[PDB]
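Shown next as structure tokens: one chain only, the form deposited in one PDB entry.
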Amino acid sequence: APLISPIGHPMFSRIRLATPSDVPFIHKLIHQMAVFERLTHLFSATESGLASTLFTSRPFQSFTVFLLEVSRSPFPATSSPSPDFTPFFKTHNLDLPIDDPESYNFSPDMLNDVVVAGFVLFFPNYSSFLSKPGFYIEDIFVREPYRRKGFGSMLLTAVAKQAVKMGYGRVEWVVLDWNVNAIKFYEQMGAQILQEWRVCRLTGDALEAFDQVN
């Protein structure tokens, strides 16, 4: 195909490990996710809480976050937070340029046009039958100006590739039963929906009541 001209409106992406410096961006992404999911009454996250709880172990040992950053220019390629990870890169052909007015709140530096567009939070789970760890994806969120461009699936693929690299047995996550388009995409990549399983949660006053029963 004789294509000389570069793509119109290219967008460069990088998926990297979050470090403590990224706490304000993680906090703001979670707040936007609460607004998006209509679960704002549950939002009580703080920067101090995220800083205090997300980095008590090494990357991939417990809570791990990958951040997705985007730029209108290639990323110029500090030691990585883990010896077991190197960032992923991809070039995207956008149909139209992206309008992102909140980019000032999601810019680690800003002088290089690097904007945090989304995240995935995950941690090791376990398969008793295989005697092997796996990864469980707790949350994937992409900010509204970047949705419907394949970025959420790239964050999922980053976790799946990390599991294979580490010799892990499974990658698990939840899908909303009415999100028919996501279900079909997951079935297309070979994932199985565990039809019989229902998730139970004990929290708030109901969880607090266990302090008394002996």
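Between two forms, the rigid core is defined as the largest C-alpha subset superposing within 1.5 Å. A residue's number is simply how far along the shown sequence it sits, counting from 1.
Same protein, other form: the form deposited in another entry, not shown, and the subject of what follows.
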So with the core overlaid, does the Cα of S21 end up 2 Å or more away between this form and the one not shown? no
Tell me whether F63 is among the residues that move between this form and the one not shown (Cα shift of 2 angstroms or more, core superposed). no
C-alpha of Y168 off by 2 Å or more between this form and the one not shown on rigid core: yes
